[PDB]
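One structure is given here, and the rest of the page talks about it.
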Amino acid sequence: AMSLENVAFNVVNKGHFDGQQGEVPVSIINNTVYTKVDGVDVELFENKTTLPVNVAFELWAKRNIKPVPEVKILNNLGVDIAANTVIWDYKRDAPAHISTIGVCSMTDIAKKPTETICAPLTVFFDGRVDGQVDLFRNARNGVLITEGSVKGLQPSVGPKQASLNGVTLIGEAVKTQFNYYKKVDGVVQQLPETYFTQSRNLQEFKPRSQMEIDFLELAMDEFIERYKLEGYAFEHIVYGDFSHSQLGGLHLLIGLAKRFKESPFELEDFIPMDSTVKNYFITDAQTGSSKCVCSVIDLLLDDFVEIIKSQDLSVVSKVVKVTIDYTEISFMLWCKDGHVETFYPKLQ
Amino acid sequence: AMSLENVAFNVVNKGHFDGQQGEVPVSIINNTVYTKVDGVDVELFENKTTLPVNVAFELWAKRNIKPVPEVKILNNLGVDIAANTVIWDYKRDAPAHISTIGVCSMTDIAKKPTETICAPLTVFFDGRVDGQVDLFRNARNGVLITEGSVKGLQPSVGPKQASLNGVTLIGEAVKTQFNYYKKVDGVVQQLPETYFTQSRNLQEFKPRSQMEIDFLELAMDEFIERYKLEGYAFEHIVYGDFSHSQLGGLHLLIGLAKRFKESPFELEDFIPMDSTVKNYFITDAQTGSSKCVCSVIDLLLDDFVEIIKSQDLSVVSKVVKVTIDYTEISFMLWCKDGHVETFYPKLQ
Amino acid sequence: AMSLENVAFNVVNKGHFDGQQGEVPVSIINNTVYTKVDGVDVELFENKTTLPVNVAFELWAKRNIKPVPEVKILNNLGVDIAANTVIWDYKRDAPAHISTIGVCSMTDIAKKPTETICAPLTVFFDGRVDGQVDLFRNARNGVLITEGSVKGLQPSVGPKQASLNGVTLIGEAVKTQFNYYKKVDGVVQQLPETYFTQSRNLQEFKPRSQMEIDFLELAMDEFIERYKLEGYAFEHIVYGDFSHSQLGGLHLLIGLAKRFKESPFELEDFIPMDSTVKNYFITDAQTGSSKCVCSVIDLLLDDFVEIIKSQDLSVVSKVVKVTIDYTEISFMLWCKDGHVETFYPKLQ
Amino acid sequence: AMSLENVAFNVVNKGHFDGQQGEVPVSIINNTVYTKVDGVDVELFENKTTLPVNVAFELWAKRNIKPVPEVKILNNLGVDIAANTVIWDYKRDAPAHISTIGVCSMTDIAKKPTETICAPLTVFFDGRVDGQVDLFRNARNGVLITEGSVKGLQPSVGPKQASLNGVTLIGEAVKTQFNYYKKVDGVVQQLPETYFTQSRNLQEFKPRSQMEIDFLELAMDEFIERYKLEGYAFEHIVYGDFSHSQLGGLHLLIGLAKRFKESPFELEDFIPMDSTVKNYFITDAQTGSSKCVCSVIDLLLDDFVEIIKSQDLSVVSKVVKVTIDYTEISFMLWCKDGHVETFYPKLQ
Amino acid sequence: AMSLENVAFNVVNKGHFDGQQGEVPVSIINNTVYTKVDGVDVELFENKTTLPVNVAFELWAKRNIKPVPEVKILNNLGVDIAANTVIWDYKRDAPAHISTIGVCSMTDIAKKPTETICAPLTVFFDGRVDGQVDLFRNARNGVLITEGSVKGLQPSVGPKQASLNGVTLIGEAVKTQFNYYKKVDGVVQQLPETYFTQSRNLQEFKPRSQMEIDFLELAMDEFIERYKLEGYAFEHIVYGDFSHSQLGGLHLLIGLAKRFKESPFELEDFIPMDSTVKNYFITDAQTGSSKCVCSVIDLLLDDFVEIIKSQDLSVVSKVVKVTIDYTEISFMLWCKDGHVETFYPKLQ
């Protein structure tokens, strides 16, 4: 017996939908859900989605509260829909997926992923839930996560981090590193060898290697000397050039982190979604150097160094393809006289 | 001559409603009030309430700008309505009470609290306003605050802190510690002996006793030794256990404050109102330990220590009732072999 | 071929309107613009203006992304409208001006500023754009900025700072200090000699003179002694008096900055627009001292000292007029026995 | 080059989307689309759909303006989606189908019905459009209408009436009677024998047989005698019984039409959609006789008489199934002593 | 003392704004204004304009309640703004003009039409209001109506009809036929000779000449014979041709009125504004004959006959220009062998 008032009862009493019986009085006004506590209205939910307020409220209440893959990983693997859960996208304040399976009468296209409507969709399955590995084996199209071996299925070791109630973290009390599997058109697909983005924020950035500690602590010239980076244009690509009206380079999050400690800047996140590569309109507060589309990726600096040192430096310009978060990220590499001029995630 | 434009004139010229004459041009669009300053619209108010935008604007403009009791105290004393003022609830961005007396033509049930409609309501009276102690004596149901003695009325000394324009503070330039009195059904009611919550935030938490300084400065084992807390399960209740998927204990704000200095965590305030006990959906960023309903109370640690050491430790489970902010807070106490296992504000 | 979908294409691909060809799918719901990225809606813009959502979106996308004068300067110079650009007011999240010239089919009153409808409007012209100095010479009413000499036009050297994508800054990689010129009724107007406000925030306040370093570092009595300020009431005007229920003085931002480092306070910006003088409803957290209308100006302390020491101290009360940001700011000066009692921006 | 402004231009200049180049200025406010005509706003569209206002506007503009099957026919034949058109549902003021093919970038799941996502969907094909008969021949699942014979397919002769811009009519200047063909999983179906509803209104009801002429002109007793309808309870079922608090019978639109000529009544259309059977909350103004759910069907009276005279009258109650508008309509037939008591579309 | 509550008081007590003192309690929710009557909310106004709800409410309340020129007349004469009144546009449910003079603080650009901002605007002046003839005499740009002669100005005799509270009528108890005068750049214009539209409705159409009486009463062939209209294609242009899928002709309202008596049709008013020529998407219910853009004008039939009989019938196609309601209306005239084929208001 699903009901708005039952969803609200669960949110008030359990902090999320927990299948408990009960009802509280609700008022809906515009995109806000309220409940009456002792004669006054208390806000339970503000709809930021393109769904109806009461529907969004239910999907949010029914959000997966276990560690789940970051939405950028799901998107990069082509996930269309989840089996019997909601992956809440905390970057969009909205469901990661438009439709559901066995969650909500307004958004369900099916009660179970075995229904024929689901066959052409890439369904996300969670091996931590009884039955879902089997549903994956039966599905035409899917992505599966597990905490361990699945007999006969060749695994891909995923990122260390996952999202737990919108907090990206490397679990200590809980497991966040999953095996991944994918099927297309009834056929298990070998996932590519990949780097993973580190999913750090500017404000709480922490180095995760001696090389990153050195980059944050050393001055530019000593770091470049110590790690033999002469001719790799880290002065432009990583450290950034704030000397002209157009901000030069600055494509690695650690480089933004180092600048940020010294002087503040504005990052306008003009397409605010989770993605392997982020684009910001950056305005440097100290200098007034700015750039409308500054592509930024959070690679471990050691991974970026491995990538750039792996490149042939003998052509003027070429597209370099690097597998990151399971997706092919195109970089533009510009060279002159066997040194790098710039290397950036290629703007589409 | 009350008018939207007159309310707006007061907000622009006086920073709140101050009974001054004058008008400014206003535009209302959706839930926002704007005024025209030199040919452009400037936002004066965004309605977050369930009232009409123009009505909410007026109540907010007419908010009490003296120190007033925190809404949790008023709610715990059963206050329904205020005499000739608006207690603005800065935690809900809304009026603390649905109706008014002598404030606003849309929300007034009466011009004066002596009207018979008010008799069954618990009316909040403010002895700092001429006439209101007398109105309390005449009222069937009420709560009264004063800065001093009321002849023949036995006082209750309230919390040290009050709310001044949404800032909870212990007044130095102004008095925030009131005498409280309550009447039910025409009869003055003896208020119970009570502890008071300290109303601190995680971000700006300051200790208020040598014991709290010690808790914040010492390591866990030395604090527990120094204050003879062996067998009282402070390791679970106060310090918190982040070792399992479900976060253990962590029910005292000071304990959250100590953790917060070391590593960040998310507190989802899923019923965002003022209350003696708060419930959060907590996600620890470092460990991934989490709990959907983590009850948190900000007691002076000395008061909590007094409370828990006062308990008989010889039953498995029992409900312990403690008067806090004038209300009966139920705690669950779980013991084994004469030591505490856990002691938490009982989830309803 | 202007279109909502073309505006959205530019925002997604270029971070702002850049005249590029292309379209993306858009959804408008309430005041929010979304675009479809891989089957889900991503928010591009939330309308906070009194214009239609799609119109506001276009003006914002077409915002000037060069350093431009702070809106308070434009307003103080009487600017009504801009030639062929949008000055976005980041303090109001709205266009600085109601109408446009050659920007947007819904808001344009003209395609070019030479149209007769523009003659009575003070049009903002930007000498960094080809043709606009000539348009200024032809305009009946206008304000012109340039980076250099305009033959025969007597310049006014403007503030050091300008606004670049809502960041107020003194440019190092870009020029933010302009020459200003104004015309009224076909006649070039001599701009007055003026001080300029420094446009600092409380949170990131930095001193810009030895005197400001001294004010922030010294104790009150040594600062006043060192700078010979006995009898100028800096104890009240600058440092502020938190000893009574009404907060005394505190009219200079540097004084708020010094207090802020010690103890937090609330500033309610109840008319949130850019202005030379700002009015706050201030609540001091430590003391409970408050003031409904606290006028605050960010003058270099040396400029304020020059201003107050320039005054005749022999009348009880008088209005003192000071040109600041090109506008006449009225101050009330109250004296007793040849010493200052108070000196504040006069509340209108 | 698809664009809100281009859709608006077509609506203003062509009365609907007609693929013309051009732009008009548009404003969107709440669910309304306006265009500027000589400096004032003129309403073009009010969104009554659950889609975004600008999307609904485009699908409306792109509505099919030829006679098309009534939505109830399409729904009954299981049509999911239309090939390269929008069937506008004028009963719901909304698109008949969730998704589109080759119409609108926000709603399209495909550009052509040959794409694999369309294979499981019952696609509507219109033989009046070049290529669509052949697309039906290649489609796995579809419904096809034609004005004439299709080589190698036996037709089902459809209703005489079709919908032209929300006007249901029997064409004299245009053809409204289609051949129907349907395919499920690649197999041409033999559509069942069916009656058709007549799609008439109460206010402009016209008889379409001599029996209907006689029913409207004669008194009940004369009509029942002429057509030998003794014992078939037409007094109840068709004429209606307004003698008790609950209105008896009245399940045939012609009987509502007859009452309506004599005295008015209220029909609350509480599920306002196109359906073979309609349910109304009916209140008779003359008598006060009412019924919460009065099922009403517009059958030619001769067809209804054929149906009721083709039943076995020997059981107290049973379900009678009748193919109408290609769907199975359940009636309840209640009999006593070999005569009808009532017969109504089953409220199930 | 202008105020939302005072406007509401006037609406409740005087049926419109009448300058009376008083206040009622108001609530604004979305675009609706309500007032409280004995504890319940009663709707006073639903905003259909692009202005803020409270502003639209005031301009509506302050509407001109005397007979005033139809908006199409004012628009055709180039009126920008009205002197000290609001011409309410009942076709758009919105003010006829963007701005006001001496009406409303939000919309006023001036208090008096003598202010310099009004000099370039064509201001509407009403000689029925003391002082306005003289204000017209002093105005650079205006239109003036009067009931009688103005010393030294030759009048243009206007239409017989005017709008009184959105009812277009020819006054018997009040004067609706005005003298018109217009000034451009300080010079009294000689207004052109003009026909006038008759502003009639389909539902209450009344003939205003013996020719119109005859057109309504006689069969097409008798009428055409009586008035010698052979070869002028009235069969097509006026009577309409419902024989083909595209509805032929039907451009004269009297011909729609005649059809409408026999059989109903749908007229979609897809640009719902007052204009000399109206465009309808017409669907004939009897035949299914339809046309996306059917231009319709309500000329006295005698005037239309004079116009068509005053053209040269010797070319295949040309533009015929006719002054109607003071504006230049373009018709397309198509001829063959010296007879008319069609003649219609040009869809341009």
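Going from the start of the chain as shown, residues are counted 1 onward.
Recorded method is X-ray crystallography, 1.6 Å.
Using N, Cα and C of the backbone, Cβ positions are placed for all residues, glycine too.
The active site, proton donor annotation in Swiss-Prot covers A:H236. Reduced to three states, the DSSP call for A:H236 (active site, proton donor) is helix.
For A:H251, the entry in Swiss-Prot reads active site, proton acceptor, with the evidence type experimental evidence. Shown in sequence order, A:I237, A:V238, A:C294, A:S295, A:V296, A:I297, A:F343, A:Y344, A:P345 are the residues of the chain, 6+ apart in sequence, with a C-beta less than 8 angstroms from the C-beta of A:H251 (active site, proton acceptor).
Taking all protein chains in view, 20 other C-beta atoms sit within 10 angstroms of the C-beta of A:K291 (active site, for uridylate-specific endoribonuclease nsp15 activity). Look at A:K291 (active site, for uridylate-specific endoribonuclease nsp15 activity): DSSP puts it in a strand. Look at Swiss-Prot and you will find A:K291 tagged as active site, for uridylate-specific endoribonuclease nsp15 activity, backed by experimental evidence.
Marked as uracil binding site by Swiss-Prot on the basis of experimental evidence: A:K291, A:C292, A:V293, A:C294, A:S295, A:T342, A:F343, A:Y344, A:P345, A:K346. The Cβ of A:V293 (uracil binding site) has A:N279, A:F281, A:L347 as same-chain neighbours under 8 Å, each 6 or more residues away in sequence.
The domain 'Nsp15 N-terminal oligomerization' annotation in Swiss-Prot covers A:3-63. For the domain 'Nsp15 N-terminal oligomerization' (A:3-63), the number of residues in each DSSP class (helix H, G, I; strand E, B; coil) is 20 helix, 18 strand, 23 coil.
For A:64-189, the entry in Swiss-Prot reads domain 'AV-Nsp11N/CoV-Nsp15M', with the evidence type sequence analysis.
DSSP labels the residues of the domain 'NendoU' (A:206-345) in these numbers: 38 helix, 48 strand, 54 coil. The domain 'NendoU' annotation in Swiss-Prot covers A:206-345, and the record cites sequence analysis as its basis.
What Swiss-Prot lists as site 'Transition state stabilizer' is A:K291.
According to Swiss-Prot, the feature site 'Uracil recognition site' maps to A:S295.
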Cα-to-Cα gap, A:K291 (active site, for uridylate-specific endoribonuclease nsp15 activity) vs A:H236 (active site, proton donor), nearest whole Å: 13
Neighbourhood of A:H236 (active site, proton donor), C-beta criterion under 8 angstroms, separation at least six: A:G248, A:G249, A:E341, A:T342
Number of helical, extended and coil residues in the domain 'AV-Nsp11N/CoV-Nsp15M' (A:64-189), per DSSP: 16 helix, 40 strand, 70 coil
CB contacts for A:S295 (uracil binding site) [other CB atoms within 10 A, all chains]: 19
Subset of recorded positions A:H251, A:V293, A:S295, A:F343 within reach of chain C (CB-CB under 8 A): A:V293
